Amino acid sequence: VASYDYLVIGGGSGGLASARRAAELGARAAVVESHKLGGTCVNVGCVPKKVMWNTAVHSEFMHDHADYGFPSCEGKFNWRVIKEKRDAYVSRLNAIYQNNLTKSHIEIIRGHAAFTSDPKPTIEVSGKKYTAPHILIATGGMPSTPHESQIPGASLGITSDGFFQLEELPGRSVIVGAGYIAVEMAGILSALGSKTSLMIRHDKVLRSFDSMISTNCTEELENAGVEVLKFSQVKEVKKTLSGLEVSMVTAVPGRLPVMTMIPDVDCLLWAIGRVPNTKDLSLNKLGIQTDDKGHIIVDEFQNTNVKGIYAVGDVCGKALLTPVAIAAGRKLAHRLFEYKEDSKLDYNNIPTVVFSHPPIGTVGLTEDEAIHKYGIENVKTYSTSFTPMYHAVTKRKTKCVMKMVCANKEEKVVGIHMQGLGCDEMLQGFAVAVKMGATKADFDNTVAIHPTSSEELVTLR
């Protein structure tokens, strides 16, 4: 039984970030990883997605070429070219991350970890045992898929994992779900030329975002050529002569349900959520608490119910974002190895960007959330809607919507929501201001930057 100061299960964002900070603090740490370092972010998430987004962004801009005085650009996108360059870039990152571990003197134990029956918390990887007074579980999650028992043929569809394996642009694609991945992938497939349908259970995407965003985002998708199938769900899938055939039921409220077949589908993409990866950990041998989805339960300090065992990142099922896993893993290293007992991540006011077209940025409370928290009489919003000056000369148009949610008499800024060109890079600094407790006067007292889209946020009336 090899002993360490810190044992980290999972070499993804949260696991790596925690291990590296702990090692800086003098801990002798090892990282157990059964696949590729970098985990979801590097291999099948953030990184490869953003590359594909930049590619779709090129497609849109190229529609505006002639309006801008250039000669029309003629045609066919070649999926394989960018796919190969994307994969290579991912290979570069894996090599970098591995080097980051070695330079920090962190040991990398390759293989699949599982807890043992042993009294003191101990894991087994490939026959060998390892132990530590502090063990971090940061095993992430996986894409959720329907059971064949509920949706026969569900297994003919792919997930975001399978999207990253595609070698050619699918001719006809159908995306199921109404959250981040659905919106992102539909926007990428569509811009690149796939005839795309987005199938959602209600009438709008991103129903947990401020209602201004869910409305605007749904419209922007339609305006971009994405067919949004409202109030619809898959009843069954089957492999026909040439592609898949999707049976769906559409149940608009106030109407009779109607069954439709979608034929000749090349790609069926399930974008219905993620499940925690705790199934094969043998948690129950230590009696570690999980919810009924398999998530590990933790307190505000990332403690599990068992002493000396912690969990961070997607496996805990809260705020499933790379930078959250990293921040939580780092605060945890400071608490453990620098004895900062108050060291923990504040889960309020975490900013997030949805890489749609145009992109969405949001931080803090939606209008309804602030209304519930402070009361209607105490909530004031400001908003604007305009067409970016970029489109002053184009036939194609997109809009920019911004909303500021303020609370109390002081008009404390409790939420910012926006969609528009440039919104991916605009959010970070406002998120700093919101975190510091800015009021509307603080915004208003900042001189604007002209001509930009960002200046609108500081001149709301």
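Heads up: residue numbers just count along the shown sequence, starting at 1. Take the two forms, find the largest set of C-alpha atoms that superpose within 1.5 Å, and that set is the rigid core.
Q: Could you check whether 70-78 or 106-114 drifts more from the shown form in 8 other deposited structures of this protein, using RMS Cα distance once the core is superposed?
A: Higher root mean square deviation of C-alphas in 8 other deposited structures of this protein is shown by 70-78.
Q: Test of understanding: from the entry's C-alpha B-factors, which stretch has the higher mean, 399-407 or 65-73?
A: Comparing 399-407 with 65-73, the higher mean C-alpha B-factor belongs to 65-73.
Q: Quick one: say whether 271-279 or 133-141 has the higher mean Cα B-factor in the deposited entry.
A: Per the PDB record, 271-279.
Q: Between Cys217, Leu241, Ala113, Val354, which one tops the list for C-alpha B-factor in the PDB entry?
A: Answer for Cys217, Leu241, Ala113, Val354: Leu241, with the highest C-alpha B-factor.
Q: Highest Cα B-factor in the deposition, which of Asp118, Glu222, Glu107, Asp87?
A: Answer for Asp118, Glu222, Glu107, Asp87: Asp118, with the highest C-alpha B-factor.
Q: Mind checking which third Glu425 falls in for C-alpha B-factor across the chain?
A: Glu425: CA B-factor falls in the lowest third of its chain.
Q: Within this chain, which third does the Cα B-factor at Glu338 fall in: lowest, middle or highest?
A: Middle third - that is where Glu338 ends up once the chain's C-alpha B-factors are sorted.
Q: Ranking the modelled residues of this chain by C-alpha B-factor as given in the entry, is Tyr97 in the lowest, middle or highest third?
A: For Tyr97, whose C-alpha B-factor we compare with every modelled residue in the chain, the answer is the middle third.
Q: Determine, from the deposited record, the chain-internal third of the Cα B-factor for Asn303: lowest, middle or highest.
A: Answer is lowest: the recorded C-alpha B-factor places it there.
Q: Within this chain's modelled residues, let me know which third the CA B factor of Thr394 belongs to: lowest, middle or highest.
A: For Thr394, the deposited C-alpha B-factor lands in the middle third.
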